[PDB]
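Next up: a single chain in structure tokens, the form deposited in one PDB entry.
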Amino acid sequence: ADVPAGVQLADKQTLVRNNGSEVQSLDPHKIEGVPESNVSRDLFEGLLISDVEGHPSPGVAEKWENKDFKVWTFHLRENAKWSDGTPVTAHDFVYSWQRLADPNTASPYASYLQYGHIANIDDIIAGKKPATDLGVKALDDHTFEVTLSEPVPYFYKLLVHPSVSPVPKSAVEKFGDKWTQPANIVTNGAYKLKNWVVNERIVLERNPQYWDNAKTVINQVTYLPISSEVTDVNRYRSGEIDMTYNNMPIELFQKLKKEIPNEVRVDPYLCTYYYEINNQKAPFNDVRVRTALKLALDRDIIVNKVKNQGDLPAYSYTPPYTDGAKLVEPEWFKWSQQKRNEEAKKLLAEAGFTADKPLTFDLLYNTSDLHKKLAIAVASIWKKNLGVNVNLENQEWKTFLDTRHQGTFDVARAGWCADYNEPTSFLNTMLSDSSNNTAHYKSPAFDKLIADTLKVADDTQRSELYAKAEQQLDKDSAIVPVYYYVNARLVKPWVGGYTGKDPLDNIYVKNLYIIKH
């Protein structure tokens, strides 16, 4: 952390953060969500990290070069160490990226190596070549070299994500799935795991072997698993919580902005809220049905009437303010809602649905005040505007994500936040073979457009292709875009170091500090 001249620090440097839900895992290769990555940034550090404003910056690698954007060479700092005192080496990254690629690991982020185009990843994922053929090598203990199959000028931007953080081979091998228990885990971030009580708390303590430990100020941070945004706000105002999770409750937010304005942080956020349709299951495999649901949802009622927290009505998957997005707003988004209703009713009538044989399906959401209130409103809107019936179902976070991967669903509430600021961080998740494709959407036209983006060496051609990829997605109604999120949360006045400037919200507790209060 960089404490400004003249700030007086509190004697006690501890922090309590709400983290939305119980994490899926602490293993960097078994996680895919925001709650998981929030904890992962404090424990595992990859080649690069985001600085306090979000820019990709030196992590374990102090410096790097590229040759034609295809061969990337990372110079690892000599004093990078794990929490057991042993050196972090390039061999750790070799093992780790191979373990990520290996289909036996079944990482939800195996395709992150396809997004970066690391040599031989397609055959490794498909079981055609062993994971040891991946295009990564340690040239020595402090030099990691990555070979890609085509130029990727933004490749380094991907490297702050948890999936490309190192994992300790000796602990993994000796302890299997219990390697992340407090008695066994070994970490190389600013913190180490002290306690992990499922559905209660995760407590981290400063890691004295961290190479940048002298700049770490917070000695202990606790992450809570509270999925009720009302409860999070309540335990923040009670004094227990220093920073809420960034999902705000419909019940209290308006009150909160008038009662504690200076604690209500509202910043740009590269995330999109949408209803994910299971594209492989009838009758959601019919484009007319998917289009009807997309058009009959009234975004203005949701965004400005039921939620009203500063979100913007959405018409695409990739947020329009992503670096490199130059999207074309479709004609349906400019129409009146009445005009969207008739078209939707028209397509569902065309699809074979009637008053006596209506469309009825499940709407799955992860346990939450916010998601439940939005799903009830969406259910009412769809019933009123399109005559469709929905049965709401809540599931805890970890189970909810597995359901979506399994495809044991009809429609699910969903949110994707960028992992790097470039349109492919969204668009690659809709590729036919992506491990993050929970829409179960498979379009050869869409896949071709994205494949074409690294075959040109021109940013405008690339942007035009991302725009056309969004149009292909829209044309097929793969999803139901709802709104682009704002990053809204409460932060106590004594928490220093959180700018709100990073649109990816890649917070590191090593950058924060507690002001005397």
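Each form is matched to the other, and the largest set of C-alpha atoms that superpose within 1.5 Å is called the rigid core. In this text, residue numbers run from 1 along the sequence as written. Residues that one form lacks are left out of the comparison.
When the C-alpha B-factors of 82-90 and 353-361 are averaged, 353-361 comes out higher. Stretches compared: 36-44, 475-483. Higher mean C-alpha B-factor in the entry: 475-483. Residue set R77, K192, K372, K346: peak C-alpha B-factor at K346 (per PDB entry). The top Cα temperature factor in the record, among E396, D232, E259, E422, falls on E259. Sort the chain's modelled residues by C-alpha temperature factor and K334 lands in the highest third, per the entry. When the modelled residues of the chain are ordered by their C-alpha B factor, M243 lands in the lowest third. Among all modelled residues in this chain, the alpha-carbon of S57 has a temperature factor (C-alpha) in the middle third.
Per the deposited record, the Cα B-factor of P313 falls in the middle third when ranked against the other modelled residues of its chain. Residue-level temperature factors show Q254 in the highest third of its chain, judged at the C-alpha atom.
Another form, the form deposited in another entry, is not on view; read the next lines as being about it.
A 2 Å or larger CA shift between this form and the one not shown, after fitting on the rigid core, occurs at just one of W211, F155, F446, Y109, namely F446. In contrast to the form presented, in the other form the C-alpha positions of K30 and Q280 spread farther apart by 3 Å or more. Where the rigid core is used as the reference frame, consecutive stretches of 3+ residues with C-alpha displacements of 2 Å or more between this form and the one not shown occur at 272-308, 310-416, 426-484.
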